[PDB]
Structures are given as structure tokens and as C-alpha cells.
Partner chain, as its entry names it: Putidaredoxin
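Let's start with one chain on its own, the form deposited without the partner chain, as C-alpha cells.
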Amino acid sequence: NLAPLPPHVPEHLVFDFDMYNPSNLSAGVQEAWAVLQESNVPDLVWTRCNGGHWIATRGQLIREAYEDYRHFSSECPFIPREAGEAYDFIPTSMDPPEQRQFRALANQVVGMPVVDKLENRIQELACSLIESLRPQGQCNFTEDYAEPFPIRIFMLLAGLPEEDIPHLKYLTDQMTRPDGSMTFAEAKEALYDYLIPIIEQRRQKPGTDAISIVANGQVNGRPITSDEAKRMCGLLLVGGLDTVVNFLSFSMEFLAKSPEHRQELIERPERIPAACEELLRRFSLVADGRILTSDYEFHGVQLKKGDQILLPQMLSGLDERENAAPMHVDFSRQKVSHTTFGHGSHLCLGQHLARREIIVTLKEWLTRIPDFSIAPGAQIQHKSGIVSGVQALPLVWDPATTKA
């Protein structure tokens, strides 16, 4: 189904890109999205897919719309509209100025000083996961390392016992990949049923952990409500799962297919933090958006109040106006330009934790299993959406080349 073209939208801007099923998916998802940056494609287009919505295709427009929250509201941040409308996590669905207090609170639980403190526990977890795969000589990376890793980091952050992982993983999977057992709202409520009691207890007997902090917090000079804490705790849980899982998978897929890039990192592990940044550009993967708060002319184009606009974080760093030869991976780029963690008032609060997860993973993997490949015969499949990703990543190695 295409949606019929709204009258304010001129025909010459219409490019029916489908964000959940792009034409060139088989060639790689970032590549599939990069067709939007071909020379015949305007900086701002309308697609009739997925209810109909604008797409900003260039880093300059993407950044500008993200800065201008007065015209581009996060009240409805997801395409299609029905998803955007039912979405209530905090702070992702709030605009400044209200979002500012909630964000400061959330920053207390995942900000830089928390990350510096957790780094060693993160390394311990990574090492334990890798060392259990190492002798096998094979894994599905996405399933065997990537999925268990960030959920375990959330348990450590939130002071939750490891016993709860299976149930928690199931509920978050249902929100982003439903098997049918539960609607989004049922999964959401089950999450709330899970967090509500721990919130009440940690209100009464505080810990030094994320759930305590968010529960004992103050916003707008008053105590955070139970509805507000659970909706924040919800985002803190889901925000760092699918992004980390899929990003780690794009990265490992690249390194498996590029011996020369692996060898560089093996020989110069000091370049790993830079390599992380360049991978974050090349394999950027989020595409959310905004809704117009009013009629607005933006870069020659008449936008109407209530129109949705997709602003793909993914596209800014792939824009050849931002980075020369954008599909080329070069770990020594002088200026790595990207909006992989967003831009503007909602810039990812988990970005410092994500970078440490990524760096620790690459450092620990490359020192234990320096030599690996894509399993003989396998063709890696990508998926496209709000968070794009990797269906599966079967890796192989010779265990004699590994270090215990």
C-alpha cells in the first residue's frame, strides 16, 4: 500500500523509499539507504510508503531539523504514526523544556562517571562470554555474544539479579521482534509489573544503582512519579539493547570480511578507540524522526503541521558532503563526522557506555580470537527499520590460533 499523496506535496519530491523494506537490502542495509543520496535525489523527499512521510537525505538537513525542536517535535518520533503515537518512554517522546530535567536524571545513571566505574565489570563480562565461545571454533555472533552482552550490563547497572535475564530478554524482544505471545502494550505492562515493585522498594531502601537513582529522583522541584520512573526505567532498559546488539554485529561482520582491517587493529590496538568511531560512522543504524508542530517552510519545501519527517541518524555520516569516500572504512580519518548517536537535545545519553561496550568487545575479541571468518557458504542478511541490523552472523575460527 502506498498512501495517497497529500495535496501540499509536489510530485517532483516523491521517492517511495520503504524504510522497513528498502529495494537494495540484499546489497547491505547502509548501502540500501544510501540510494537516497544519489545525485537525482533532492535533499528532502516524500515517500508514500508507511502512511506517507518526509525523509531528509543529507547530513546538513538532518542536523538542522534535530536542533529545531520547536518545529520538529519528538511527540511522535516513529514511522508509522500509530507506533509513534503509542510510544511514551521518557525522555524520547518529550520536547524541551520539560525533557531537560528527566534527561539530567537519566544522565546520572548512564553518564561518563558511571561508565568509568563500570569499565572493568564490562571487560569481565566480555571476557567470560568470549572464553566460552573460543574453543568451539564457531558461533552465531549475534545470538551468542551480542544479545547476552548489553542485557547483562543493564542488570549490573540496575542492580537486578541474573536469574531475571531470560524473562526480561523475552519482553524486550517482543517490543522489537514480537512472536505473537504479547502485543507491545502487554510486553510494556509486564515490564512495568516487573519494575514497579523494585522501584517502590528502592524508594524505601535506596541502593547506588540506576533504579534507585531514578526512583529517588526529583524533576521540576517535585518527586518523580511512579508512572514517570517506570517509563524512564523502560527506556534505559530497551535503549541500549537492539542498538548495541546490531551495531556490534555490523562491526564483527566487517572485520570478518576484511582481514586487512583486522590485522591493523591486531598490530596497533591503540587505534581501537579511533576504529570504533569510524565503524560508528560507516555502520550507523538508527532512523527516527519527528512531527511538525506547525506549517513551516524548510529549505524551499512546504511542510504542513502534523506531517511526520524521518531524519535518519544513519545518513549523516554516509553523506559524501560530510565524509569523503563515505563507504570506505579508514580507521585513521582525521575528521570522523556522524550523527550515529543522534543530534540536538535528545543526543544519546548511553553513548559513553555504548563506546566502552564496543571498544572492550573489539579489544577482548581481537586478543583472544584474532583470526576469524564468515562461516563457509553463509550469506549475511541485513534488516531495515528504526534500528537496522543483522539477522544472523555465523563466524568460524581455528581454535589453535586463539589465546586462552
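Positions refer to the first chain, counted from 1.
Omitted from view is the form deposited with the partner chain bound, to which the following refers.
- Within 4.5 Å of any heavy atom of the partner chain in the entry with it bound lies no heavy atom of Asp371.
- In the entry with it bound, none of the heavy atoms of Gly28 sits within 4.5 Å of a heavy atom of the partner chain.
- In the entry with it bound, at least one heavy atom of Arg100 sits within 4.5 Å of a heavy atom of the partner chain.
- Interface residue remark: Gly51 is not counted as part of the site for the partner chain in the entry with it bound, having no heavy atom within 4.5 Å.
- Interface residue among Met155, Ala104, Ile266, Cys127, judged by heavy atoms within 4.5 Å of the partner chain in the entry with it bound: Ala104.
- Distance criterion of 4.5 Å from any heavy atom to the partner chain in the entry with it bound singles out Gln351 from the list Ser337, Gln60, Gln37, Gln351.
- Stretch-level contact check against the partner chain in the entry with it bound with heavy atoms at 4.5 Å: of 74 to 82, 304 to 312, 280 to 288, 113 to 121, the positive one is 113 to 121.
- Interface residues of 52 to 70, taken as those with a heavy atom within 4.5 Å of the partner chain in the entry with it bound (partner not displayed), are limited to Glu67.
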